[PDB]
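Just data01.cif here, mmCIF, C-alpha atoms:
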```cif
data_upload
#
loop_
_atom_site.label_atom_id
_atom_site.label_comp_id
_atom_site.auth_asym_id
_atom_site.auth_seq_id
_atom_site.Cartn_x
_atom_site.Cartn_y
_atom_site.Cartn_z
CA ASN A 1 95.76 70.56 93.15
CA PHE A 2 98.33 68.80 90.96
CA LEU A 3 98.58 66.56 87.90
CA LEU A 4 100.88 63.66 87.07
CA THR A 5 101.74 63.26 83.38
CA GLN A 6 102.93 59.97 81.89
CA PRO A 7 103.62 59.01 78.25
CA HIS A 8 100.68 57.27 76.60
CA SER A 9 102.80 54.22 75.83
CA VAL A 10 106.14 52.44 75.91
CA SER A 11 107.34 49.27 74.16
CA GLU A 12 110.36 47.05 74.22
CA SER A 13 111.58 43.52 73.42
CA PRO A 14 111.73 40.65 75.91
CA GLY A 15 114.79 40.81 78.17
CA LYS A 16 115.11 44.55 77.52
CA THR A 17 114.40 47.43 79.92
CA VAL A 18 111.85 50.23 79.93
CA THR A 19 111.41 53.41 81.94
CA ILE A 20 108.06 55.10 82.52
CA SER A 21 108.11 58.73 83.68
CA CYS A 22 105.56 60.43 85.95
CA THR A 23 105.87 64.25 85.96
CA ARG A 24 104.26 66.67 88.45
CA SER A 25 102.44 69.84 87.40
CA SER A 26 103.30 71.94 90.46
CA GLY A 27 105.13 71.38 93.72
CA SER A 28 108.24 69.29 94.38
CA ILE A 29 107.56 65.62 93.55
CA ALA A 30 109.30 64.84 96.85
CA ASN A 31 106.68 66.73 98.86
CA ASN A 32 104.55 63.58 98.83
CA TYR A 33 105.05 59.87 98.09
CA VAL A 34 104.43 58.11 94.76
CA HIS A 35 103.01 54.62 94.22
CA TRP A 36 102.86 52.46 91.08
CA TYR A 37 100.38 49.79 90.12
CA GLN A 38 100.04 47.31 87.30
CA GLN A 39 96.73 46.57 85.62
CA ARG A 40 96.76 43.85 83.00
CA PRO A 41 94.08 44.34 80.32
CA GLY A 42 90.56 43.75 81.57
CA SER A 43 91.72 43.30 85.17
CA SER A 44 92.16 44.58 88.72
CA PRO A 45 95.23 46.64 89.77
CA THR A 46 98.16 45.37 91.85
CA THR A 47 100.87 47.46 93.43
CA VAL A 48 104.35 46.98 92.00
CA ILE A 49 106.13 49.90 93.69
CA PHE A 50 105.46 51.85 96.91
CA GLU A 51 106.92 54.63 99.08
CA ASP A 52 108.25 56.02 95.79
CA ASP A 53 110.76 53.16 95.51
CA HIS A 54 109.82 50.02 97.48
CA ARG A 55 108.74 46.56 96.28
CA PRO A 56 105.81 44.72 97.98
CA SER A 57 105.84 41.04 98.93
CA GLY A 58 106.19 39.04 95.74
CA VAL A 59 107.08 41.69 93.14
CA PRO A 60 110.33 40.72 91.30
CA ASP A 61 113.67 42.54 91.44
CA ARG A 62 112.83 43.47 87.85
CA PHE A 63 110.70 46.41 89.02
CA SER A 64 112.17 49.52 90.66
CA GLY A 65 111.19 53.16 91.21
CA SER A 66 113.00 56.49 91.54
CA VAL A 67 112.50 60.26 91.90
CA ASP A 68 114.20 63.06 89.93
CA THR A 69 114.01 66.34 91.88
CA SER A 70 115.63 68.36 89.07
CA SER A 71 112.98 67.23 86.57
CA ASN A 72 110.26 66.85 89.21
CA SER A 73 109.36 63.39 87.91
CA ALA A 74 109.19 59.90 89.40
CA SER A 75 109.88 56.87 87.23
CA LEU A 76 109.10 53.19 87.11
CA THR A 77 111.70 50.90 85.55
CA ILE A 78 111.07 47.35 84.40
CA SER A 79 114.14 45.36 83.39
CA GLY A 80 114.36 41.82 81.99
CA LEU A 81 111.01 42.28 80.23
CA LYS A 82 108.66 39.31 80.18
CA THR A 83 105.45 38.87 78.20
CA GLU A 84 103.47 39.06 81.46
CA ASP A 85 104.65 42.63 81.99
CA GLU A 86 102.32 43.82 79.21
CA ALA A 87 99.87 46.04 81.06
CA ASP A 88 98.84 49.60 81.85
CA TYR A 89 100.93 51.28 84.56
CA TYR A 90 99.75 54.12 86.75
CA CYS A 91 101.65 56.29 89.16
CA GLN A 92 99.76 57.33 92.31
CA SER A 93 100.47 60.41 94.45
CA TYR A 94 98.85 61.96 97.53
CA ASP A 95 97.61 65.45 98.36
CA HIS A 96 95.92 66.58 101.59
CA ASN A 97 92.47 64.96 101.46
CA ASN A 98 93.04 63.45 98.01
CA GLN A 99 94.67 60.70 95.95
CA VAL A 100 95.88 61.66 92.45
CA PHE A 101 96.56 59.33 89.50
CA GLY A 102 98.78 59.64 86.46
CA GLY A 103 97.26 59.29 83.01
CA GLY A 104 98.78 55.84 82.72
CA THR A 105 101.19 54.23 80.30
CA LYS A 106 100.50 51.17 78.17
CA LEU A 107 103.51 48.89 77.98
CA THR A 108 103.70 46.62 74.93
CA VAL A 109 106.19 43.77 75.15
CA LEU A 110 107.37 42.85 71.65
CA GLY A 111 107.88 39.15 72.36
CA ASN B 1 97.82 39.56 103.53
CA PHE B 2 94.13 39.73 102.60
CA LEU B 3 91.77 40.13 99.66
CA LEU B 4 89.07 42.70 98.77
CA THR B 5 86.00 41.29 97.00
CA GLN B 6 83.54 43.38 94.96
CA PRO B 7 80.71 42.34 92.64
CA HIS B 8 81.80 41.89 89.00
CA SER B 9 79.22 44.36 87.69
CA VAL B 10 75.99 46.30 88.24
CA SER B 11 73.57 47.84 85.73
CA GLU B 12 70.83 50.25 86.83
CA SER B 13 68.67 53.03 85.44
CA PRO B 14 69.47 56.70 86.10
CA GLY B 15 67.92 58.11 89.24
CA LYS B 16 68.37 54.87 91.20
CA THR B 17 70.74 54.06 94.08
CA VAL B 18 73.50 51.45 93.95
CA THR B 19 75.71 49.92 96.67
CA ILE B 20 79.07 48.52 95.55
CA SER B 21 80.49 46.41 98.38
CA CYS B 22 84.14 45.73 99.22
CA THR B 23 84.52 42.86 101.62
CA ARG B 24 87.86 42.09 103.19
CA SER B 25 88.78 38.41 103.63
CA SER B 26 90.92 38.65 106.78
CA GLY B 27 92.22 41.35 109.11
CA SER B 28 90.17 44.23 110.54
CA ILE B 29 88.91 46.52 107.79
CA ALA B 30 89.20 49.45 110.23
CA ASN B 31 92.95 49.27 110.91
CA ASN B 32 93.47 50.83 107.49
CA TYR B 33 91.90 53.47 105.30
CA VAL B 34 89.77 52.43 102.37
CA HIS B 35 89.84 54.57 99.26
CA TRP B 36 87.58 54.27 96.20
CA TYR B 37 88.38 55.34 92.69
CA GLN B 38 86.44 55.69 89.45
CA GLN B 39 87.82 54.80 86.05
CA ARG B 40 85.79 55.70 82.97
CA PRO B 41 85.82 53.33 79.94
CA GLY B 42 89.01 54.48 78.25
CA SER B 43 90.24 56.79 80.99
CA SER B 44 92.61 57.21 83.95
CA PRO B 45 91.50 56.58 87.55
CA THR B 46 90.28 59.36 89.82
CA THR B 47 89.48 59.18 93.53
CA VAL B 48 85.81 59.48 94.53
CA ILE B 49 86.29 58.63 98.24
CA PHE B 50 89.37 59.17 100.37
CA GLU B 51 90.04 57.79 103.85
CA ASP B 52 86.92 55.66 104.26
CA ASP B 53 84.27 58.35 103.76
CA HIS B 54 85.79 61.66 102.66
CA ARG B 55 84.68 63.06 99.34
CA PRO B 56 87.42 65.01 97.58
CA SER B 57 86.46 68.49 96.35
CA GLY B 58 84.63 68.34 93.03
CA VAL B 59 83.10 64.88 93.52
CA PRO B 60 79.23 65.10 93.70
CA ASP B 61 77.62 64.25 97.04
CA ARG B 62 75.61 61.47 95.38
CA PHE B 63 78.79 59.42 96.08
CA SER B 64 79.35 58.20 99.65
CA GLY B 65 81.67 55.78 101.37
CA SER B 66 81.05 53.74 104.51
CA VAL B 67 82.76 51.08 106.61
CA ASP B 68 80.83 48.34 108.39
CA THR B 69 82.82 46.84 111.26
CA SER B 70 80.52 43.86 111.91
CA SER B 71 80.67 42.62 108.29
CA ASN B 72 84.32 43.64 107.96
CA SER B 73 83.48 45.36 104.67
CA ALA B 74 83.36 48.84 103.11
CA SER B 75 80.84 50.27 100.66
CA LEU B 76 80.61 52.86 97.90
CA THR B 77 77.03 54.07 97.52
CA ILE B 78 75.79 56.17 94.65
CA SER B 79 72.42 57.87 95.12
CA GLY B 80 70.51 59.09 92.09
CA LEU B 81 72.71 57.65 89.34
CA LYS B 82 73.47 59.78 86.29
CA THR B 83 74.74 58.42 82.97
CA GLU B 84 78.08 60.17 83.60
CA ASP B 85 78.61 57.71 86.49
CA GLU B 86 79.03 54.72 84.18
CA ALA B 87 82.50 53.30 84.95
CA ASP B 88 84.68 50.72 86.70
CA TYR B 89 85.01 51.22 90.48
CA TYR B 90 87.80 49.88 92.69
CA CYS B 91 88.17 49.91 96.46
CA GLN B 92 91.70 50.04 97.89
CA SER B 93 93.02 49.33 101.34
CA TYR B 94 96.32 48.61 103.04
CA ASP B 95 98.47 46.31 105.10
CA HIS B 96 101.89 46.59 106.77
CA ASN B 97 103.88 46.60 103.53
CA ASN B 98 101.40 46.73 100.65
CA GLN B 99 98.41 48.24 98.90
CA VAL B 100 95.53 45.92 98.08
CA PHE B 101 92.91 46.57 95.41
CA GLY B 102 89.43 45.14 95.07
CA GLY B 103 88.63 43.28 91.86
CA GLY B 104 86.62 46.14 90.41
CA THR B 105 82.93 46.67 89.63
CA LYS B 106 81.67 47.59 86.17
CA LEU B 107 78.68 49.84 86.61
CA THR B 108 76.54 50.42 83.53
CA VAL B 109 73.95 53.21 83.40
CA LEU B 110 70.78 52.40 81.43
CA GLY B 111 69.70 55.89 80.40
#
```

Could you express the structure from this file as structure tokens?
Amino acid sequence: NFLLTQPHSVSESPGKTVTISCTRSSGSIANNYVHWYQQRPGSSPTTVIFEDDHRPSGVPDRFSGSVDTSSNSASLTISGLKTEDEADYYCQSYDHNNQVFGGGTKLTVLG
Amino acid sequence: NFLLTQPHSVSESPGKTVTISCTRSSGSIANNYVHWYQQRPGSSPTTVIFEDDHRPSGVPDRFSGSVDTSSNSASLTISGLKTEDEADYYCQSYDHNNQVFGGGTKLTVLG
């Protein structure tokens, strides 16, 4: 199978921008899609990015996703940071007969 | 556009069976796959059921998923609970352009 590795945490000031990486153990990250969901403390997840780089109904232009073939790592970017963005972020990826999750990154907004 | 409702929590003794429900507000719960994942206390999510009722390799058969057309809901059943099963459980389903998560169920094991 495969693993997705993310940094334990990221932090930034309001209005600033952050980038969360999601690396793949084996196989080309492009092989399969990558999703991203936001989970505010003590709460239920909500998708912020899909199809590796799409934004579901409602999610602000502030969120965006990409995929670096050379590094084999997808990344979630949040610009124009707002206090409400403080949450844990997880990348999701698929494998025949299985859904894999990243370790998750805790974003702390310093304002 | 729809919502997935699950009980807030459940607490049972080891050896017993529990049924975490995931009822979908609107839309046929069959037109899309339902996945279930487990998230330990301070841990990253892992899939326990893929595509309605498939159990990914490694997950104990005490875990089972089902879909009930008439009640337009899905269920995660755990037979013969073990303390190791204590965790938050979330159902997930889909729609045209988005992934929807259930609210989550905190299962506590009294052993």

Up to 6 Å from chain B, what residues of chain A turn up? Count all atoms listed in the file and give them as an mmCIF file with C-alpha atoms, in the coordinates of the input.
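Okay, result11.cif is ready:
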```
data_model
loop_
_atom_site.group_PDB
_atom_site.id
_atom_site.type_symbol
_atom_site.label_atom_id
_atom_site.label_comp_id
_atom_site.auth_asym_id
_atom_site.auth_seq_id
_atom_site.Cartn_x
_atom_site.Cartn_y
_atom_site.Cartn_z
ATOM 1 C CA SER A 44 92.160 44.580 88.720
ATOM 2 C CA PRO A 56 105.810 44.720 97.980
ATOM 3 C CA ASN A 98 93.040 63.450 98.010
ATOM 4 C CA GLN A 99 94.670 60.700 95.950
ATOM 5 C CA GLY A 103 97.260 59.290 83.010
#
```

Decode the PyMOL selection byres ((chain B and resi 27) around 9) for the given file into explicit residues and return them as a PDB file with C-alpha atoms, keeping the file's coordinate frame.
```pdb
ATOM      1  CA  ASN B   1      97.820  39.560 103.530  1.00  0.00           C
ATOM      2  CA  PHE B   2      94.130  39.730 102.600  1.00  0.00           C
ATOM      3  CA  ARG B  24      87.860  42.090 103.190  1.00  0.00           C
ATOM      4  CA  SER B  25      88.780  38.410 103.630  1.00  0.00           C
ATOM      5  CA  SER B  26      90.920  38.650 106.780  1.00  0.00           C
ATOM      6  CA  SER B  28      90.170  44.230 110.540  1.00  0.00           C
ATOM      7  CA  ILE B  29      88.910  46.520 107.790  1.00  0.00           C
ATOM      8  CA  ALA B  30      89.200  49.450 110.230  1.00  0.00           C
ATOM      9  CA  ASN B  31      92.950  49.270 110.910  1.00  0.00           C
ATOM     10  CA  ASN B  72      84.320  43.640 107.960  1.00  0.00           C
ATOM     11  CA  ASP B  95      98.470  46.310 105.100  1.00  0.00           C
TER      12      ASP B  95
END
```

(72.3, 57.0, 84.6) in this file's frame - what residues fall within 8 Å of it? Use only C-alpha atoms and give the answer as a PDB file with C-alpha atoms, in the frame of the given file.
```
ATOM      1  CA  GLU B  12      70.830  50.250  86.830  1.00  0.00           C
ATOM      2  CA  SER B  13      68.670  53.030  85.440  1.00  0.00           C
ATOM      3  CA  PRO B  14      69.470  56.700  86.100  1.00  0.00           C
ATOM      4  CA  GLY B  15      67.920  58.110  89.240  1.00  0.00           C
ATOM      5  CA  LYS B  16      68.370  54.870  91.200  1.00  0.00           C
ATOM      6  CA  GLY B  80      70.510  59.090  92.090  1.00  0.00           C
ATOM      7  CA  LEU B  81      72.710  57.650  89.340  1.00  0.00           C
ATOM      8  CA  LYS B  82      73.470  59.780  86.290  1.00  0.00           C
ATOM      9  CA  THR B  83      74.740  58.420  82.970  1.00  0.00           C
ATOM     10  CA  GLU B  84      78.080  60.170  83.600  1.00  0.00           C
ATOM     11  CA  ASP B  85      78.610  57.710  86.490  1.00  0.00           C
ATOM     12  CA  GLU B  86      79.030  54.720  84.180  1.00  0.00           C
ATOM     13  CA  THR B 108      76.540  50.420  83.530  1.00  0.00           C
ATOM     14  CA  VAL B 109      73.950  53.210  83.400  1.00  0.00           C
ATOM     15  CA  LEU B 110      70.780  52.400  81.430  1.00  0.00           C
ATOM     16  CA  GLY B 111      69.700  55.890  80.400  1.00  0.00           C
TER      17      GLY B 111
END
```

Let me know the residues the PyMOL selection byres ((chain A and resi 18) around 7) catches in the file above, as a tab-separated table (two decimals) with C-alpha atoms, in the frame of the given file.
```tsv
chain	number	residue	atom	x	y	z
A	12	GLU	CA	110.36	47.05	74.22
A	16	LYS	CA	115.11	44.55	77.52
A	17	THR	CA	114.40	47.43	79.92
A	19	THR	CA	111.41	53.41	81.94
A	20	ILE	CA	108.06	55.10	82.52
A	77	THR	CA	111.70	50.90	85.55
A	78	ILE	CA	111.07	47.35	84.40
A	79	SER	CA	114.14	45.36	83.39
```

| For residue A:69, which residue among A:107, A:23, A:91, A:39 is the nearest when counting only C-alpha atoms? | A:23

| task | Please identify all polymer residues lying at most 7 Å from the point (78.9, 45.7, 96.0) (file coordinates), using only C-alpha atoms, and present the result as a PyMOL selection string. | result | chain B and resi 6-7+19-22+75

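With atom CA of residue A:3 on one side and atom CA of residue A:33 on the other, the separation reads 13.8 Å.
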
| message | If I take atom CA of residue B:94 and atom CA of residue A:38, how far is one from the other in Å, to one decimal? | response | 16.2 Å

Which centre and edge lengths in Å to one decimal define the box along x, y and z that fits every listed atom of stretch 86-89 of chain B plus 3 Å per side, as JSON?
```
{"center_x": 82.0, "center_y": 52.7, "center_z": 87.3, "size_x": 12.0, "size_y": 10.0, "size_z": 12.3}
```

| said: Would you compute the distance between atom CA of residue B:74 and atom CA of residue A:42? Give it in Å to one decimal. | reply: 23.3 Å

As a short mmCIF file (atom, residue, chain, number, x, y, z; two decimals), in the frame of the given file, could you write out stretch 4-17 of chain B once it has been completed with N, CA, C and O atoms?
```cif
data_model
loop_
_atom_site.label_atom_id
_atom_site.label_comp_id
_atom_site.auth_asym_id
_atom_site.auth_seq_id
_atom_site.Cartn_x
_atom_site.Cartn_y
_atom_site.Cartn_z
N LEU B 4 90.26 41.84 98.75
CA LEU B 4 89.07 42.70 98.77
C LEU B 4 88.16 42.25 97.63
O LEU B 4 88.55 42.31 96.45
N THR B 5 86.96 41.79 97.98
CA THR B 5 86.00 41.29 97.00
C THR B 5 84.85 42.24 96.69
O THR B 5 84.15 42.69 97.59
N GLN B 6 84.63 42.50 95.40
CA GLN B 6 83.54 43.38 94.96
C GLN B 6 82.76 42.63 93.89
O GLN B 6 83.28 41.71 93.26
N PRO B 7 81.49 43.01 93.68
CA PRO B 7 80.71 42.34 92.64
C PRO B 7 81.35 42.63 91.27
O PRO B 7 81.95 43.70 91.09
N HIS B 8 81.21 41.71 90.32
CA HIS B 8 81.80 41.89 89.00
C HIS B 8 81.21 43.10 88.29
O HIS B 8 81.93 43.89 87.68
N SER B 9 79.88 43.24 88.35
CA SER B 9 79.22 44.36 87.69
C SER B 9 77.82 44.67 88.22
O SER B 9 77.24 43.88 88.97
N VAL B 10 77.31 45.84 87.85
CA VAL B 10 75.99 46.30 88.24
C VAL B 10 75.46 47.19 87.12
O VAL B 10 76.22 47.98 86.55
N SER B 11 74.18 47.04 86.79
CA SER B 11 73.57 47.84 85.73
C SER B 11 72.22 48.34 86.24
O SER B 11 71.34 47.54 86.53
N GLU B 12 72.07 49.66 86.34
CA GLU B 12 70.83 50.25 86.83
C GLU B 12 70.44 51.50 86.05
O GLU B 12 71.28 52.13 85.39
N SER B 13 69.17 51.86 86.14
CA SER B 13 68.67 53.03 85.44
C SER B 13 69.01 54.30 86.19
O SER B 13 69.14 54.29 87.41
N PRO B 14 69.15 55.42 85.47
CA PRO B 14 69.47 56.70 86.10
C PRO B 14 68.42 57.00 87.16
O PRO B 14 67.27 56.55 87.06
N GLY B 15 68.83 57.75 88.18
CA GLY B 15 67.92 58.11 89.24
C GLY B 15 67.89 57.12 90.39
O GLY B 15 67.44 57.48 91.48
N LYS B 16 68.35 55.90 90.16
CA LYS B 16 68.37 54.87 91.20
C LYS B 16 69.65 54.86 92.05
O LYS B 16 70.65 55.46 91.69
N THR B 17 69.60 54.16 93.18
CA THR B 17 70.74 54.06 94.08
C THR B 17 71.40 52.70 94.01
O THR B 17 70.73 51.68 93.98
#
```
